[PDB]
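Here's my_file-v2.cif, which has mmCIF, N, CA, C and O atoms:
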data_target
#
loop_
_atom_site.group_PDB
_atom_site.id
_atom_site.type_symbol
_atom_site.label_atom_id
_atom_site.label_comp_id
_atom_site.auth_asym_id
_atom_site.auth_seq_id
_atom_site.Cartn_x
_atom_site.Cartn_y
_atom_site.Cartn_z
ATOM 1 N N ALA A 1 0.825 -1.204 0.000
ATOM 2 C CA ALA A 1 0.000 0.000 0.000
ATOM 3 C C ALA A 1 0.861 1.257 0.000
ATOM 4 O O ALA A 1 0.526 2.249 -0.655
ATOM 5 N N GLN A 2 1.973 1.231 0.739
ATOM 6 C CA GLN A 2 2.896 2.362 0.729
ATOM 7 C C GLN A 2 3.454 2.603 -0.666
ATOM 8 O O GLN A 2 3.542 3.751 -1.120
ATOM 9 N N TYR A 3 3.847 1.533 -1.358
ATOM 10 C CA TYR A 3 4.365 1.692 -2.715
ATOM 11 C C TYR A 3 3.300 2.251 -3.646
ATOM 12 O O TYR A 3 3.591 3.095 -4.503
ATOM 13 N N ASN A 4 2.058 1.782 -3.506
ATOM 14 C CA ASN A 4 0.980 2.321 -4.331
ATOM 15 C C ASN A 4 0.772 3.804 -4.057
ATOM 16 O O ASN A 4 0.550 4.588 -4.987
ATOM 17 N N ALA A 5 0.839 4.207 -2.788
ATOM 18 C CA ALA A 5 0.688 5.620 -2.457
ATOM 19 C C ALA A 5 1.824 6.445 -3.046
ATOM 20 O O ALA A 5 1.609 7.566 -3.517
ATOM 21 N N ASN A 6 3.045 5.909 -3.022
ATOM 22 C CA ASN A 6 4.194 6.620 -3.571
ATOM 23 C C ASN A 6 4.274 6.551 -5.093
ATOM 24 O O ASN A 6 5.105 7.255 -5.679
ATOM 25 N N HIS A 7 3.452 5.725 -5.743
ATOM 26 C CA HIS A 7 3.388 5.640 -7.201
ATOM 27 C C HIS A 7 1.934 5.765 -7.639
ATOM 28 O O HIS A 7 1.337 4.811 -8.156
ATOM 29 N N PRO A 8 1.326 6.940 -7.446
ATOM 30 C CA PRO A 8 -0.083 7.103 -7.832
ATOM 31 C C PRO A 8 -0.327 7.009 -9.329
ATOM 32 O O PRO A 8 -1.465 6.743 -9.734
ATOM 33 N N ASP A 9 0.693 7.221 -10.161
ATOM 34 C CA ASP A 9 0.487 7.216 -11.606
ATOM 35 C C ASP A 9 0.333 5.810 -12.166
ATOM 36 O O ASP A 9 -0.317 5.630 -13.201
ATOM 37 N N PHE A 10 0.922 4.809 -11.518
ATOM 38 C CA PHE A 10 0.766 3.412 -11.927
ATOM 39 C C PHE A 10 0.965 2.544 -10.685
ATOM 40 O O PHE A 10 2.103 2.347 -10.235
ATOM 41 N N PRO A 11 -0.124 2.005 -10.090
ATOM 42 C CA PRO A 11 0.052 1.249 -8.843
ATOM 43 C C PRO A 11 0.714 -0.105 -9.066
ATOM 44 O O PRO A 11 1.132 -0.425 -10.184
ATOM 45 N N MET A 12 0.829 -0.889 -7.995
ATOM 46 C CA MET A 12 1.489 -2.187 -8.068
ATOM 47 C C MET A 12 0.755 -3.104 -9.038
ATOM 48 O O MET A 12 -0.471 -3.241 -8.977
ATOM 49 N N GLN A 13 1.512 -3.734 -9.932
ATOM 50 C CA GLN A 13 0.952 -4.712 -10.849
ATOM 51 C C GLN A 13 0.842 -6.071 -10.163
ATOM 52 O O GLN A 13 1.517 -6.354 -9.172
ATOM 53 N N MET A 14 -0.029 -6.923 -10.711
ATOM 54 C CA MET A 14 -0.285 -8.212 -10.079
ATOM 55 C C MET A 14 0.922 -9.133 -10.207
ATOM 56 O O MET A 14 1.125 -10.014 -9.365
ATOM 57 N N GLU A 15 1.740 -8.963 -11.248
ATOM 58 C CA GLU A 15 2.947 -9.779 -11.364
ATOM 59 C C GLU A 15 3.959 -9.411 -10.284
ATOM 60 O O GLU A 15 4.502 -10.287 -9.592
ATOM 61 N N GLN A 16 4.223 -8.110 -10.123
ATOM 62 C CA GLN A 16 5.121 -7.671 -9.062
ATOM 63 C C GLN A 16 4.551 -8.012 -7.695
ATOM 64 O O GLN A 16 5.295 -8.381 -6.781
ATOM 65 N N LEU A 17 3.232 -7.889 -7.537
ATOM 66 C CA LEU A 17 2.600 -8.268 -6.278
ATOM 67 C C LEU A 17 2.805 -9.747 -5.985
ATOM 68 O O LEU A 17 3.116 -10.128 -4.847
ATOM 69 N N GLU A 18 2.641 -10.592 -7.003
ATOM 70 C CA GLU A 18 2.855 -12.025 -6.838
ATOM 71 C C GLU A 18 4.281 -12.306 -6.389
ATOM 72 O O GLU A 18 4.498 -13.014 -5.398
ATOM 73 N N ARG A 19 5.263 -11.747 -7.100
ATOM 74 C CA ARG A 19 6.659 -12.000 -6.747
ATOM 75 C C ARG A 19 6.970 -11.492 -5.344
ATOM 76 O O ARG A 19 7.609 -12.193 -4.543
ATOM 77 N N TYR A 20 6.506 -10.283 -5.021
ATOM 78 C CA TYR A 20 6.812 -9.679 -3.734
ATOM 79 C C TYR A 20 6.243 -10.501 -2.592
ATOM 80 O O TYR A 20 6.947 -10.808 -1.628
ATOM 81 N N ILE A 21 4.963 -10.877 -2.680
ATOM 82 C CA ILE A 21 4.366 -11.601 -1.565
ATOM 83 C C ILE A 21 4.898 -13.025 -1.498
ATOM 84 O O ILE A 21 5.041 -13.579 -0.402
ATOM 85 N N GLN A 22 5.216 -13.642 -2.639
ATOM 86 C CA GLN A 22 5.803 -14.977 -2.600
ATOM 87 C C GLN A 22 7.148 -14.963 -1.884
ATOM 88 O O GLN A 22 7.436 -15.855 -1.077
ATOM 89 N N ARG A 23 7.984 -13.961 -2.162
ATOM 90 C CA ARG A 23 9.265 -13.879 -1.462
ATOM 91 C C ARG A 23 9.070 -13.486 0.001
ATOM 92 O O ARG A 23 9.753 -14.014 0.892
ATOM 93 N N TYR A 24 8.140 -12.565 0.268
ATOM 94 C CA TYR A 24 7.905 -12.119 1.634
ATOM 95 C C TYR A 24 7.394 -13.249 2.505
ATOM 96 O O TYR A 24 7.689 -13.282 3.699
ATOM 97 N N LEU A 25 6.612 -14.171 1.944
ATOM 98 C CA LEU A 25 6.116 -15.278 2.752
ATOM 99 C C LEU A 25 7.264 -16.147 3.247
ATOM 100 O O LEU A 25 7.289 -16.541 4.414
ATOM 101 N N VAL A 26 8.237 -16.436 2.381
ATOM 102 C CA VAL A 26 9.401 -17.207 2.811
ATOM 103 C C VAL A 26 10.208 -16.426 3.839
ATOM 104 O O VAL A 26 10.655 -16.979 4.854
ATOM 105 N N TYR A 27 10.411 -15.128 3.594
ATOM 106 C CA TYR A 27 11.187 -14.306 4.519
ATOM 107 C C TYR A 27 10.533 -14.272 5.898
ATOM 108 O O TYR A 27 11.196 -14.457 6.927
ATOM 109 N N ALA A 28 9.214 -14.076 5.929
ATOM 110 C CA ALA A 28 8.487 -14.052 7.187
ATOM 111 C C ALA A 28 8.445 -15.427 7.835
ATOM 112 O O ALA A 28 8.451 -15.520 9.061
ATOM 113 N N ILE A 29 8.403 -16.495 7.037
ATOM 114 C CA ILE A 29 8.447 -17.842 7.597
ATOM 115 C C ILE A 29 9.743 -18.030 8.366
ATOM 116 O O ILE A 29 9.747 -18.482 9.518
ATOM 117 N N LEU A 30 10.865 -17.666 7.738
ATOM 118 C CA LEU A 30 12.151 -17.779 8.417
ATOM 119 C C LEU A 30 12.167 -16.945 9.689
ATOM 120 O O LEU A 30 12.462 -17.458 10.776
ATOM 121 N N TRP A 31 11.789 -15.673 9.590
ATOM 122 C CA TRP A 31 11.935 -14.784 10.735
ATOM 123 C C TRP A 31 10.880 -14.999 11.816
ATOM 124 O O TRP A 31 11.040 -14.459 12.915
ATOM 125 N N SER A 32 9.823 -15.764 11.543
ATOM 126 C CA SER A 32 8.848 -16.124 12.566
ATOM 127 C C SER A 32 9.190 -17.448 13.231
ATOM 128 O O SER A 32 9.050 -17.577 14.451
ATOM 129 N N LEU A 33 9.648 -18.431 12.455
ATOM 130 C CA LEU A 33 9.935 -19.744 13.021
ATOM 131 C C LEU A 33 11.334 -19.792 13.627
ATOM 132 O O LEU A 33 11.487 -20.054 14.825
ATOM 133 N N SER A 34 12.366 -19.535 12.823
ATOM 134 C CA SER A 34 13.741 -19.583 13.304
ATOM 135 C C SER A 34 14.217 -18.247 13.857
ATOM 136 O O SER A 34 15.418 -18.079 14.086
ATOM 137 N N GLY A 35 13.311 -17.295 14.081
ATOM 138 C CA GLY A 35 13.697 -16.041 14.700
ATOM 139 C C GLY A 35 14.105 -16.162 16.151
ATOM 140 O O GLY A 35 14.689 -15.217 16.691
ATOM 141 N N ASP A 36 13.811 -17.294 16.792
ATOM 142 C CA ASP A 36 14.174 -17.554 18.177
ATOM 143 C C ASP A 36 15.414 -18.428 18.319
ATOM 144 O O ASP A 36 15.827 -18.707 19.448
ATOM 145 N N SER A 37 16.024 -18.850 17.214
ATOM 146 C CA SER A 37 17.088 -19.844 17.218
ATOM 147 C C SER A 37 18.408 -19.204 16.811
ATOM 148 O O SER A 37 18.475 -18.031 16.437
ATOM 149 N N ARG A 38 19.467 -20.007 16.876
ATOM 150 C CA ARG A 38 20.800 -19.532 16.539
ATOM 151 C C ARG A 38 20.910 -19.333 15.027
ATOM 152 O O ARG A 38 19.972 -19.586 14.268
ATOM 153 N N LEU A 39 22.079 -18.873 14.582
ATOM 154 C CA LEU A 39 22.275 -18.640 13.153
ATOM 155 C C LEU A 39 22.387 -19.953 12.389
ATOM 156 O O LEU A 39 21.887 -20.063 11.258
ATOM 157 N N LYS A 40 23.030 -20.960 12.982
ATOM 158 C CA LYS A 40 23.162 -22.247 12.309
ATOM 159 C C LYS A 40 21.799 -22.890 12.077
ATOM 160 O O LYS A 40 21.547 -23.462 11.009
ATOM 161 N N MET A 41 20.896 -22.786 13.050
ATOM 162 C CA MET A 41 19.584 -23.400 12.897
ATOM 163 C C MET A 41 18.680 -22.574 11.993
ATOM 164 O O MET A 41 17.811 -23.136 11.311
ATOM 165 N N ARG A 42 18.877 -21.257 11.951
ATOM 166 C CA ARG A 42 18.229 -20.453 10.923
ATOM 167 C C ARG A 42 18.665 -20.908 9.537
ATOM 168 O O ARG A 42 17.841 -21.012 8.620
ATOM 169 N N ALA A 43 19.958 -21.200 9.371
ATOM 170 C CA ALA A 43 20.434 -21.730 8.098
ATOM 171 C C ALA A 43 19.827 -23.100 7.810
ATOM 172 O O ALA A 43 19.522 -23.420 6.657
ATOM 173 N N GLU A 44 19.665 -23.925 8.845
ATOM 174 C CA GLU A 44 19.043 -25.237 8.663
ATOM 175 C C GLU A 44 17.616 -25.098 8.147
ATOM 176 O O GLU A 44 17.211 -25.777 7.192
ATOM 177 N N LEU A 45 16.827 -24.227 8.780
ATOM 178 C CA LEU A 45 15.456 -24.023 8.324
ATOM 179 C C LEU A 45 15.434 -23.429 6.926
ATOM 180 O O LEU A 45 14.565 -23.765 6.116
ATOM 181 N N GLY A 46 16.373 -22.528 6.626
ATOM 182 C CA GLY A 46 16.467 -22.002 5.277
ATOM 183 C C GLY A 46 16.739 -23.091 4.259
ATOM 184 O O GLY A 46 16.165 -23.090 3.169
ATOM 185 N N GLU A 47 17.613 -24.036 4.604
ATOM 186 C CA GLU A 47 17.884 -25.155 3.709
ATOM 187 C C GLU A 47 16.639 -26.009 3.506
ATOM 188 O O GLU A 47 16.347 -26.433 2.381
ATOM 189 N N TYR A 48 15.894 -26.277 4.580
ATOM 190 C CA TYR A 48 14.680 -27.080 4.438
ATOM 191 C C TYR A 48 13.649 -26.375 3.559
ATOM 192 O O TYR A 48 13.027 -27.002 2.688
#

Full structure transcribed into structure tokens:
Amino acid sequence: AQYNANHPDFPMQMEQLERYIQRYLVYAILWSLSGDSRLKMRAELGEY
């Protein structure tokens, strides 16, 4: 929504939205699940 507000002339496209949220879901998965663990185990979850 912030990006759409900062780009009123052409808002977020569905392709960019798809890519952004697909990557953000993995990023948030890592930082929610392995956010309580060491760096090695964060790497383990990233590998899985």

**OP:** Tell me, as a list in words, which residues lie within 7 Å of stretch 16-32 of chain A, counting all atoms listed in the file; anything in the same chain fewer than 4 positions away does not count.
**Re:** residues 12, 36, 42, 45 and 46 of chain A

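Note that atom CA of residue A:47 and atom CA of residue A:34 are 11.8 Å apart.
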
Original post:
What does the distance between atom CA of residue A:15 and atom CA of residue A:2 come to in Å, to one decimal place?
Top reply: 17.1 Å

Subject >> Filtered DSSP result for chain A, state alpha helix (DSSP H), as a VMD selection string >> reply: chain A and resid 2 to 6 14 to 33 39 to 47

Original post:
How many Å separate atom C of residue A:1 from atom O of residue A:13?
Top reply: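 If I compute the distance from atom C of residue A:1 to atom O of residue A:13, I get 11.9 Å.
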